[PDB]
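Okay, structure first, notes after.
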There are 2 protein chains.
Amino acid sequence: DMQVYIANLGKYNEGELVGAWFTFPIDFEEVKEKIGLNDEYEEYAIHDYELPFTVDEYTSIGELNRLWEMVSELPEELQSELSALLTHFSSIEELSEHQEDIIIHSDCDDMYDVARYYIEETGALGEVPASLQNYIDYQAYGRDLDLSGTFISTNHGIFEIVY
Amino acid sequence: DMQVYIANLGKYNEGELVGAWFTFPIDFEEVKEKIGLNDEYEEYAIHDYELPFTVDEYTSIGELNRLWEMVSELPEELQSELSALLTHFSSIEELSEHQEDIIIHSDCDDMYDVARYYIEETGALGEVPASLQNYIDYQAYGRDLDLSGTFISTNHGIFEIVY
């Protein structure tokens, strides 16, 4: 759970490759004494990992401890879908800039229900007469809410990135 | 134009059948002297006609003069489509009972425009918000206006028989 397999730059041939699992936070010296060395300090071969995001094989461990703070800062419904938010954003820092703009529809599951929420519950367009209340198109209004703003659909609800 | 070919019960064999055209009103004696007789008074063989409605071959001429008053009483948009009104009613007298109930949409031509008239112009269901004004289904509301009341479609406009 949110861990790495970080050893080693020594043994490029990887004869009985070592270094199993380290959760966060991470010491340099504890991992270095866990995995040894190649008589000098070149380590953190990030071979395997298990993270909600993507990281390269040459990333410094300080950047991993930097990113872990911002990842563990967020609530679980954000942390369950960090790659889905990364499909619109570009970094965890940029997500941390706008981490209150994202509106979460746990109740709504598809665009019909999003339109029905914005019309029936909120009254964003105005009051709804009851004889009109059944005769309102939701699909075309849902398509125009899709083409106006930016909506992302996940398993839990619908994420709405607002400006 | 609204006339008949009424001769004769004499000459069942119709050897040089006579009696050409008589508009309304109709005399018994003028037609009888126009077409002759068979030494007695049996006449008004209604063979051909040209009328906005349907009449049988044994109808008395007094009933024709009776019906012509009610037919010529109506305005031309009713008189242009008397058979279309007869598809819902049963007689010209019954049409004369309810001759003010029929509402005429010269402007509207199909059920989409009838729904758009009842919603946008009248506001039968209430006020229309402008951001809602495009997102209102008219086809389903038109189908339910069709299945609720009684609408008849002609060349000129739409006839609405109201209760």
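Basis: the model, the stated rules and, where named, an outside source; these are not laboratory values. A quick note on method: Cβ atoms are made from the backbone with ideal geometry, for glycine too, and the neighbour counts reach across all protein chains shown.
Taking B:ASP144 as the residue in question, decide whether it is out of contact with any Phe, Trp or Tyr (no Cβ under 7 Å at 6 or more places or on another chain), farther than 30 Å from A:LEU125 by Cα and either free of Cβ contacts under 8 Å to residues at least 40 places away in the same chain or not assigned by CATH to the domain that holds B:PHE28 (or both).
On the way: out of contact with any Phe, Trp or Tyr (no Cβ under 7 Å at 6 or more places or on another chain): yes; farther than 30 Å from A:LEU125 by Cα: no; either free of Cβ contacts under 8 Å to residues at least 40 places away in the same chain or not assigned by CATH to the domain that holds B:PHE28 (or both): yes.
Against the criterion (out of contact with any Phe, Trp or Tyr (no Cβ under 7 Å at 6 or more places or on another chain), farther than 30 Å from A:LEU125 by Cα and either free of Cβ contacts under 8 Å to residues at least 40 places away in the same chain or not assigned by CATH to the domain that holds B:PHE28 (or both)), B:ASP144 does not qualify.
May I ask you to list the residues in the stretch A:97-127 that are of a type in the set (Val, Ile, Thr) and surrounded by 15 or more Cβ atoms within 10 Å (Cβ to Cβ)?
Within the stretch A:97-127, the subset of a type in the set (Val, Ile, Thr) is A:102-104, A:114, A:119, A:122.
Passing the criteria: A:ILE102, A:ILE104, A:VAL114, A:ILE119.
Considering only the stretch A:5-40, state which residues are in contact with a helix residue (DSSP H, G or I) (Cβ under 7 Å, 6 or more places away or on another chain) and surrounded by 12 or more Cβ atoms within 10 Å (Cβ to Cβ). It would help to see each step written out before you state the result.
The first filter runs over the stretch A:5-40 and keeps only residues in contact with a helix residue (DSSP H, G or I) (Cβ under 7 Å, 6 or more places away or on another chain), leaving A:6-8, A:18-19, A:22, A:24-26, A:28.
A:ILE6, A:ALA7, A:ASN8, A:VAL18, A:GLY19, A:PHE22, A:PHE24, A:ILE26, A:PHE28 - these are the residues of the stretch A:5-40 that are in contact with a helix residue (DSSP H, G or I) (Cβ under 7 Å, 6 or more places away or on another chain) and surrounded by 12 or more Cβ atoms within 10 Å (Cβ to Cβ).
Right, A:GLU43: surrounded by fewer than 11 Cβ atoms within 10 Å (Cβ to Cβ), more than 29 Å from A:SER80 (Cβ to Cβ) and outside the structural domain of A:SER83 (by CATH) or not?
Answer is no for this residue.
Find all pairs meeting these conditions: Cβ atoms under 8 angstrom apart; at least six residues apart or on different chains; first residue within the stretch A:23-44 and assigned to a loop (DSSP other than H, G, I, E, B); second residue exposed (fewer than 12 other Cβ atoms within 10 Å of the Cβ).
Once the first residue is assigned to a loop (DSSP other than H, G, I, E, B) and sits in the stretch A:23-44, its partners that are exposed (fewer than 12 other Cβ atoms within 10 Å of the Cβ) give A:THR23/A:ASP1; A:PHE24/A:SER72; A:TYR44/A:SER60.
Find all pairs meeting these conditions: Cβ atoms under 7 angstrom apart; at least six residues apart or on different chains; first residue within the stretch A:98-115 and farther than 16 Å from A:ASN155 by Cβ; second residue assigned to a helix (DSSP H, G or I) and of a type outside the set (A, V, I, L, M, F, W, C).
Qualifying pairs under 7 Å: A:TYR112/A:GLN139; A:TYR112/A:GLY142; A:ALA115/A:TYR141; A:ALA115/A:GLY142.
When the stretch A:39-81 is examined, which residues are found to be of a type in the set (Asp, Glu) and under 16 Å from A:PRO25 (Cβ atoms)? Give the steps one after another, and end with the answer.
Kept after step one, since they are of a type in the set (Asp, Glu), are these residues of the stretch A:39-81: A:39-40, A:42-43, A:48, A:50, A:56-57, A:63, A:69, A:73, A:76-77, A:81.
Within the stretch A:39-81, A:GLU63, A:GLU69, A:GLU73 meet the criteria.
Please report, ordered by residue number, the helices (runs of 4 or more DSSP H) entirely within the stretch B:53-163 with at least 2 residues that are within 30 Å of B:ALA7 (Cβ to Cβ) and away from chain A (no Cβ under 14 Å).
Ranges flagged: B:61-73, B:82-86, B:92-97.
When the residues of the stretch A:81-124 are narrowed to those that are farther than 29 Å from A:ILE136 by Cβ and acidic (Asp, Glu), which ends up nearest to the chain's Cα centre (by Cα)?
The qualifying residue nearest to the chain's Cα centre (by Cα) is A:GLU81.
How about the stretch B:79-132: which of its residues are in the same structural domain as B:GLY149 (by CATH) and among the aromatic types (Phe, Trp, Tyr)?
B:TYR112, B:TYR117, B:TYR118 - these are the residues of the stretch B:79-132 that are in the same structural domain as B:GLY149 (by CATH) and among the aromatic types (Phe, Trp, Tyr).
Taking A:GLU160, is it loosely packed, with under 14 Cβ neighbours inside 10 Å and free of Cβ contacts under 8 Å to residues at least 60 places away in the same chain? Don't jump to the end; show me each part of the working.
Values: loosely packed, with under 14 Cβ neighbours inside 10 Å: no; free of Cβ contacts under 8 Å to residues at least 60 places away in the same chain: yes.
The answer is no for A:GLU160.
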